[PDB]
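Q: Return a 3D structure for these sequence lines:
(one chain, ligands or ions: 1)
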Amino acid sequence: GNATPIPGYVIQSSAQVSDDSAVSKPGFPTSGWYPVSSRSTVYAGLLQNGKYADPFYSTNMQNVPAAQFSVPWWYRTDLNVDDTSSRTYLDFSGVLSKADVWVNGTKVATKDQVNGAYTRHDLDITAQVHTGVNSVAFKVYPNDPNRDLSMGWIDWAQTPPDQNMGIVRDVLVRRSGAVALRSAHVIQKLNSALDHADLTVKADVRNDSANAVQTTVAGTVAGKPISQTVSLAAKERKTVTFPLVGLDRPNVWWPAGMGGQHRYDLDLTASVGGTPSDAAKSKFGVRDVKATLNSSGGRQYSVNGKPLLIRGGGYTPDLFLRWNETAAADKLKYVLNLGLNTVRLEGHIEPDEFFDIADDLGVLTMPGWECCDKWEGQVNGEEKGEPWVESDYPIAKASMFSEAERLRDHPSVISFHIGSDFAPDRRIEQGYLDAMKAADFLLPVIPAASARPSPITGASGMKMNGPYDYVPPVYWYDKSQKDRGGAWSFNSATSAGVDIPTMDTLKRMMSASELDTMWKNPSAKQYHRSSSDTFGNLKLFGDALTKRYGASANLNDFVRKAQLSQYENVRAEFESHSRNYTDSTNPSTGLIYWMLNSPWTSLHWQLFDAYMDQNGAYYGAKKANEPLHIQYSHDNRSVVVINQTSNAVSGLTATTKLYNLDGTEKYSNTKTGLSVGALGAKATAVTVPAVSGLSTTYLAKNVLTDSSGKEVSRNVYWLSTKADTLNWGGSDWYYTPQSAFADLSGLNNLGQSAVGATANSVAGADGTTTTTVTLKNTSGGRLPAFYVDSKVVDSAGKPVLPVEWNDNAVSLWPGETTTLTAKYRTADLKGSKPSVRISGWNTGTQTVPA
Ligand SMILES: N[C@H]1[C@H](Oc2ccc([N+](=O)[O-])cc2)O[C@H](CO)[C@@H](O)[C@@H]1O
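A: Numbering: from 1, shown residues only. The structure is reproduced below:
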């Protein structure tokens, strides 16, 4: 029942190996080979050893000769085997693109068989293994994402020099007796009342010995004993189906905030002759999911009978697929700190632990295949990936089986996208549906993330109409343009493009002169944006920032304006979709922000950056997604309350006030006694009238207080008397140009205010520190302290990351106080005492001890 991952390898180019058979012979010399940990691409392995500078900085990645990655590389290891009484297997996936496998001088599998990143291989190497020092070697072939059913980077970033060739998951060494236990899973079915489930346990047993056997498969499912005995001819595999097991009052798995995240255990041993032969432990969640088309044709998800608006971002791993379990948990925890409920994985489907963590945290996941490369090559015409040939078909089907087998018992998984872009043709789709059936993968299948239908499954109920680059806030509120990206249907991949990270991140990824060019000439190409010509520069963003904000006087000016613009836009993108969710006609049913994060240090399509720092786009998404929320509609000036939580709320007061930039209140409305339903329902407080005498740029302060008088949401907008308007006729696929621009340049002259800071920290016994900061607007006039950003820093003024704040980027009127809370690992302080750096738009910068 042993399954031990290979901890590491030594790697080298096949340019250095003239005899393949030699590598896997015990004693083969490996002087000058590179030691690498498990889950390394070739280039990630070279970085581990020195060998090139940090690709996260400037154009370092360009200085890597890529030619060396157009030939195979070897991954080699020794294995000590004390006792050959047990059978021996190599069980693995994640080979990019394909490999020959060698044990002790014998080629056990070729690249024609071991082919495709997602395919699983269970290689019986019993005949090759001997007592003592054994050796195993993979000759990994070059990866081309357009030719191979693998992973590529579309236009998200820049191309890794090795194109991710390597082994990016574990290779397991399995030991067992005559009988191998495989593919153990639990089919679970809950009644609609959610108080009774039925469990069908299924498990494969394979007799790899020379003789016929009886095997008993026995153990526990959800704490209940189970046992079946079957016969197996030599070399026979069987699927064992256990009689149905009833489960009363199951601990139902819920998305975060809707209840708990319990997973049950399955524990099984296959015995032969009254002796354990193999063993497997796994988990499953008791949870119903559905994804159906509503009367408007939009894809509508529900979990456990509760419909949900999907509010998420597109998730990506590291550009060089460097794996770290804590980092993965840190990234999914940020999902919840944002108030989001879902992540989409367009290809790049992460190792199991990622899904264990999403399960444990209650983050929903939307895995599927990616566009714009080999996956869609047979259906995507003149776009990138190659037409399919006969050998492609069984690789794609085996990839689907293997992913379906991996993914089926994770309750976070809410669907599989079998297409992205183009939906599969009938033959490809049929192979996917067959693979999923064979794996008992029973979750919703979505044909595409675009509007494109598949022949069998049908309409997607989703859209990808853009945009991916600058559009003003009001754009998201559009319902009139059926070929655009307004708040209706399921928005599976959309953003307003550029997302300048914090100054602290900027200074780590770009040179002074690259940064100088970024503010002075946004039209210039930026390596840390995209390899795509369409998204190669920041021109649309820079032009709108100038038009709407005012010209940038320096780098600092440009960055600070970038943050307001990103906060404003991302906030509107999300708020519009929350509002329109309960529309009678063409409701919004989903929004996946493009993207949650970036594969590397970037200037676009991120909420949190590669270092886990949090900028305007982050805080804006967090503001929009708070559980009891007040917001202002850019289209019609309606003030709207959203309740994200699982219970209806009552006796809410919504208070809306307009101020000129000199602090003069120009409008007040107090709406008491509001009720709002659960799980995304809304209430309208008031429609703000056109008010006379407003400054060109003015402020709207929205405050929601519960029946106890507690302030539960504060939302401040910087607004203009001059409207953003669209030139809909100038629209391209990725954006819509503006015919006129809001004037928010009044912010440039907003008078100075003051804060107002005290902080203290508590090192907990769970290895985390909580820093509490109390901020007060301490000025003696009428001016608000506007957009005040607090950052946990060490003694050198460097941000402590990752971090989670309850609230941030706050605005306080004179006399007003707010208390803020930041949590992080004590160890990420690295022995420094904590301080807090506090910067406001109109309050300057100070740091206080904590
Ligand atoms: N799935 C990709 C998405 O695919 C689309 C296909 C068609 C349209 N369209 O036709 O408006 C829009 C988007 O394009 C993004 C931006 O290039 C990529 O980053 C995503 O990975």
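Q: Confirm residue 68 sits in a strand?
A: No. Secondary structure of residue 68 (DSSP: H, G, I helix; E, B strand; the rest coil): helix, not part of a strand.
Q: burial count for it?
A: Residues near residue 68, counting by other Cβ atoms under 10 Å, number 15. Bear in mind the C-beta positions are built from the backbone N, C-alpha and C, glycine included.
Q: correct me, but it touches residue 15?
A: Yes. The criterion here is Cβ atoms under 8 Å, and residue 68 meets it with residue 15 at 7.4 Å.
Q: and the residue of the stretch 51-200 of the chain nearest the ligand?
A: residue 154 (4.3 Å; Cβ to the nearest ligand atom).
Q: Return the residues in contact with the nearest residue to residue 840 once chain neighbours are set aside.
A: Leaving out its chain neighbours, the residue that sits closest to residue 840 by Cβ to Cβ, 6 or more residues apart in numbering is residue 788, at 4.1 Å. Residue 788 is in contact with 755, 775, 809, 810, 811, 812, 838, 839, 840, 841, 843, counting by Cβ atoms under 8 Å, 6 or more residues apart in numbering.
Q: if we go to 6 Å?
A: Contacts for residue 788 (Cβ atoms under 6 Å, 6 or more residues apart in numbering) come out as 755, 810, 840.
Q: Phi, psi for the last one please.
A: The phi/psi pair for residue 840 (degrees, to the nearest 10) reads phi -120, psi 160.
Q: and the gap between it and residue 77?
A: Per Cβ to Cβ, to the nearest Å, residue 840 is found 55 Å from residue 77.
Q: out of those two, which sits in the more crowded spot?
A: Set residue 840 next to residue 77 and count neighbours by other Cβ under 10 Å: residue 840 wins out with 26 against 17.
Q: Is the more buried one in contact with residue 783, as I believe?
A: No. Using Cβ atoms under 6 Å, residue 840 makes no contact with residue 783, being 10.9 Å away.
Q: Please give me every residue in contact with whichever residue of the stretch 301-450 of the chain sits closest to the ligand.
A: When scored by Cβ to the nearest ligand atom, the stretch 301-450 of the chain has residue 371 as its residue closest to the ligand, at 4.1 Å. Applying Cβ under 6 Å, 6+ apart, we find residue 371 in contact with 420, 421.
Q: From residue 766, how far out is it?
A: According to Cβ to Cβ, residue 371 stands 42 Å off from residue 766.
Q: With residue 525 instead?
A: Per Cβ to Cβ, residue 525 is found 46 Å from residue 766.
Q: again with residue 38
A: Noted for residue 38: a distance of 28 Å to residue 766, by Cβ to Cβ.
Q: Could you check which of these two is surrounded by more residues?
A: residue 38 (16 against 9).
Q: next one: phi and psi at that one?
A: Here is the backbone geometry of residue 38 (degrees, to the nearest 10): phi -60, psi 150.
Q: Looks to me like residue 139 is in a strand.
A: Yes. Assigned with three-state DSSP, residue 139 falls within a strand.
Q: Number the chain from 245, please
A: Done: numbering now begins at 245, and the last item shifts to residue 383.
Q: which residues does the closest residue to it other than its chain neighbours contact?
A: Closest residue to residue 383 apart from its sequence neighbours, by Cβ to Cβ, 6+ apart: residue 344 at 4.4 Å. The neighbours of residue 344, taking Cβ under 6 Å, 6+ apart as the test, are 351, 354, 355, 383.
Q: what do you get if the cut-off is 7 Å, keeping everything else the same?
A: For residue 344, the contact set (Cβ atoms under 7 Å, 6 or more residues apart in numbering) comprises 351, 353, 354, 355, 383.
Q: domain assignment for this structure?
A: Domain ranges of the chain: 245-421, 422-531, 532-870, 871-993, 994-1094, per curated CATH domains.
Q: ok, now how distant is the closest residue to residue 1008 other than its chain neighbours from residue 382?
A: Excluding the flanking residues, the one nearest residue 1008 by Cβ to Cβ, 6+ apart is residue 1014, at 6.8 Å. Separation of residue 1014 from residue 382 (Cβ to Cβ) stands at 46 Å.
Q: Is it possible to mark the buried ones in the contacts of residue 344?
A: Taking 16 or more other Cβ atoms under 10 Å as the criterion, what is buried in these is 353, 355, 383.
Q: if I pick the residue in the stretch 945-1094 of the chain that the ligand sits nearest to, what's in contact with it?
A: Minimum separation of the stretch 945-1094 of the chain from the ligand (Cβ to the nearest ligand atom) falls at residue 977, amounting to 3.8 Å. Taking Cβ under 7 Å, 6+ apart, we find residue 977 in contact with residue 710.
Q: got the end-to-end distance for stretch 1060-1077?
A: Distance between the boundary residues of stretch 1060-1077 (Cα to Cα, to the nearest Å) amounts to 28 Å.
Q: Go through it and flag the buried ones.
A: Within stretch 1060-1077, the residues that count as buried by 16+ other Cβ under 10 Å are 1060, 1062, 1064, 1066, 1067, 1068, 1069, 1070, 1072, 1073.
Q: wait, what's in contact with the second one?
A: With contacts defined as Cβ under 7 Å, 6+ apart, the neighbours of residue 1062 are 1019, 1054, 1056.
Q: Would you mind putting these into JSON lines with distance to the ligand and secondary structure alongside?
A: What follows is the contacts of residue 1062, written out as JSON lines (distance: Cβ to the nearest ligand atom, whole Å; DSSP: H, G, I helix; E, B strand; the rest coil):
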{"residue": "1019", "distance to the ligand": "38", "secondary structure": "strand"}
{"residue": "1054", "distance to the ligand": "33", "secondary structure": "strand"}
{"residue": "1056", "distance to the ligand": "39", "secondary structure": "strand"}
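Q: Out of those residues, which end up buried?
A: For the contacts of residue 1062, buried by 16+ other Cβ under 10 Å: 1019, 1054, 1056.
Q: Quick check, the first one in contact with residue 999.
A: What that stands for is residue 1019. Yes. Using Cβ atoms under 7 Å, residue 1019 is in contact with residue 999, at 5.2 Å.
Q: what's across from residue 942 in the sheet?
A: residue 904, residue 963 (DSSP bridges).
Q: Which residues of the stretch 345-494 of the chain lie near the ligand?
A: Applying Cβ under 6 Å from any ligand atom, one finds that the stretch 345-494 of the chain approaches the ligand through 398, 399, 400.
Q: OK, contacts around the nearest residue to residue 660 once chain neighbours are set aside?
A: Take residue 660 and drop its neighbours on the chain: the residue closest to it by Cβ to Cβ, 6+ apart is residue 612, 5.4 Å away. If you count contacts by Cβ under 7 Å, 6+ apart, residue 612 has them with 590, 660, 661, 662, 664.
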